[PDB]
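One chain is shown next in structure tokens, namely the form deposited in one PDB entry.
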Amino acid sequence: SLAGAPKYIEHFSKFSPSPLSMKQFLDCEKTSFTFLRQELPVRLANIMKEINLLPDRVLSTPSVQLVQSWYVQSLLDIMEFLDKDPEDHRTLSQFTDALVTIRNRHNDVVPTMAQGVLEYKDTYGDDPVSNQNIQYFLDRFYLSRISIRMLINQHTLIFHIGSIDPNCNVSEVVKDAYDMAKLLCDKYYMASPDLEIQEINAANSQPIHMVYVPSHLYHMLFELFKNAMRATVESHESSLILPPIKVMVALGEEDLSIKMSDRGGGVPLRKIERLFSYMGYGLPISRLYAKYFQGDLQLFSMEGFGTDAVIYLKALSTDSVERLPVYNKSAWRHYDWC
């Protein structure tokens, strides 16, 4: 009773995704339904059109085809709601059930796509042109996915504000991530570095809080602690005294910056880019979480000494706007030294 999926994909891919600010999220169920039965199809269709620009070699892999098939079914699942009445309580409850089913369907997207990359390399061998396309695509695909999960989680949790903490204590999240990383480091190495936190609240020399999704911040910090701890222990195999991991949390007028400093011996500059290369997606996905609300995650090493990692977040909820890829000419097109 639905049209073929390509007709829906072509229809909804003409629209641009609509980015929301953290303030908008933070600040009804019928309104959410009527918004999402347009917006989720727009976001699904825009990235499905980009999948189709991948090299034939990558698109031919079974795991990429599988993920594509999930996106198709999820789009069709929502098309079932196009003619349904928001005033009918049953529409709203069925819609929430459908979003839960979509979220579960897509639970394993990240490792399934990674298997697709491995299939491409195993079947054909990799080549730099395809690899550059894959890198460009996967950043956008995984950020798109983060944004779809955000919309679904907000709706299902609401019907904290959903997953958003309006008073997230950043140092508490740092400590939670440290604690969990320490459990893992202690398991494998029987030791771990200590934590030192310093806060710099420039305008109010007050604990630092923000509006944020704590799970996203935790995810980033946990990945950074795992790397910093492993570096510290493995670079100190002959020492019983481990240098601590030092975290600075700074609150400025526009940025809330979190620096994690280790004395793990570092890595040469040549190898920094590889750390964000898909060709263990912990670091690239962590950086996407930072970018999702107009932040960033940057690494700076001193080979022979150690590494600084900085999470840059927007301090203000009004500056914290979704960063969403859009399928258009610039995107389509995107697919000199001696």
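Start at 1 with the first residue shown and count on from there. Shifts are known only where both forms have a C-alpha. For clarity, a rigid core is taken as the largest C-alpha set superposing within 1.5 Å between two forms.
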item	value
Deposited-sequence gap flanked by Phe159 and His160	10 or more
Unmodelled deposited residues flanked by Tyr335 on one side and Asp336 on the other	4 to 9
Given 114-122 and 137-145, the range whose Cα B-factors average higher in the PDB entry	114-122
Higher-scoring stretch by recorded Cα B factor average, 100-108 or 254-262	100-108
Residue of maximum C-alpha B factor among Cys185, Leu92, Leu151, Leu221, per deposited coordinates	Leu92
Among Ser235, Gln132, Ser192, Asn201 - the residue whose C-alpha B-factor is largest in the record	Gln132
Modelled-residue ranking by C-alpha temperature factor, third containing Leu240	highest
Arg270 - Cα temperature factor, lowest/middle/highest third of chain	middle
Entry-reported Cα temperature factor of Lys30, expressed as the chain third it lands in	highest
Relative C-alpha B-factor of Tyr278, binned into the chain's lowest, middle or highest third	middle
Modelled-residue ranking by C-alpha temperature factor, third containing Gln38	highest
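Keep in mind the form deposited in another entry is missing from the figure; the text below concerns it.
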property	result
Entry of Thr123, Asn167, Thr101, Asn107 that shows, once the rigid core is matched between the shown form and the other one, a C-alpha shift of 2 Å or more	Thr123
Once both forms are overlaid on the core, stretches between the shown form and the other one of 3 or more residues with C-alpha shifts of 2 Å or more	119-131
